[PDB]
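Start at 1 and go down the list; that is how both ligands and their atoms are numbered. Numbering starts at 1 and runs along the sequence shown. Below, each value reflects all heavy atoms present in this structure, side chains not excepted, and no hydrogens, waters or symmetry copies.
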Amino acid sequence: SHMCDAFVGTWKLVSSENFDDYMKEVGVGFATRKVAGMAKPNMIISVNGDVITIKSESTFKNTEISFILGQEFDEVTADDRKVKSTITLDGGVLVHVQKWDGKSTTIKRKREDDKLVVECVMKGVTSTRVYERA
Ligand SMILES: CCc1c(-c2cccc(OC)c2)[nH]c(=S)n(C)c1=O
């Protein structure tokens, strides 16, 4: 076993707060905000050795990232940014930093009771997205 074990599984979005405002701060345009904001993604998290995979599947887009903690990678986001990402584990929280165009956003994923809570921060704007087991 590894501590990342508690993230593994299939998760479904059950609530979202302030996500439109977060998307605006990121620079997402109107039509993508509207359609992306409707989506109810599932997130599939798995681990094989040192490699963590996070798949997100929705009616809007499907995405997949695979990575090693602390090792930067290329990511194309659901809203089509080409970003450089680094994901670390800080005190049991997965911390995902995306950098593009001189900008940065941080996505934190944590287990809280039976939920997986996702906090997305762009400058002063935070969105909270709650997932439960599928
Ligand atoms: C903008 C991408 C994004 C989504 C998301 C939103 C809509 C559809 C979708 O399809 C896979 C994914 N969800 C969360 S929780 N975070 C942290 C994101 O960065």
A.B. asks: Keeping the roles fixed (side chain from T106, backbone from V97), state whether a donor-acceptor pair exists under 3.5 Å.
C.D. replies: no
A.B. asks: Give me the residue, atom name and distance of the protein heavy atom closest to atom 19 (O) of ligand 1.
C.D. replies: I107 CD1, 3.9 Å
A.B. asks: With a 4.5 Å limit on heavy-atom distance, are the side chains of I87 and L69 in contact?
C.D. replies: yes
A.B. asks: Which of the atoms in ligand 1, numbered in the order shown and given with their element, are less than 4.0 Å from a heavy-atom of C120?
C.D. replies: 17 (C)
A.B. asks: If the cut-off is 4.0 Å to any non-hydrogen atom of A78, which atoms of ligand 1 fall inside it?
C.D. replies: 2 (C)
A.B. asks: Under 4.0 Å from any heavy atom of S58, which atoms of ligand 1 are there?
C.D. replies: 8 (C), 9 (C), 10 (O), 11 (C)
A.B. asks: Need the ligand 1 atom indices (1-based, order shown) with element for anything under 4.0 Å from a heavy-atom of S56.
C.D. replies: 11 (C)
A.B. asks: Within a distance under 4.0 Å of any heavy atom of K61, pick out the atoms of ligand 1 and give their elements.
C.D. replies: 10 (O), 11 (C)
A.B. asks: Do side-chain atoms of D80 reach the backbone of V76 as a donor and acceptor pair under 3.5 angstrom?
C.D. replies: no
A.B. asks: Please check whether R109 reaches ligand 1 - meaning an N/O of the residue sits under 3.5 Å from an N/O of the ligand, judged on distance alone.
C.D. replies: no
A.B. asks: Keeping the roles fixed (side chain from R129, backbone from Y131), state whether a donor-acceptor pair exists under 3.5 Å.
C.D. replies: no
A.B. asks: Quick check: closest heavy atoms across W100 and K82, and the distance to 0.1 Å?
C.D. replies: CB-O, 3.5 Å
A.B. asks: Which of these, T128, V118, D79, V35, has its nearest heavy atom closest to atom 1 (C) of ligand 1?
C.D. replies: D79
A.B. asks: Are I45 and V51 linked, directly or through intermediate hydrophobic residues, by side-chain heavy-atom contacts shorter than 4.5 Å (ILVMFWY only)?
C.D. replies: no
A.B. asks: Taking side chain as C-beta onward, heavy atoms only, is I44 less than 4.5 Å from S46?
C.D. replies: no
A.B. asks: Please could you name the atoms of ligand 1 that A39 approaches to less than 4.0 Å, counting only its heavy atoms?
C.D. replies: 7 (C), 8 (C)
A.B. asks: By number and element, which atoms of ligand 1 are closer than 4.0 Å to a non-hydrogen atom of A36?
C.D. replies: 7 (C)
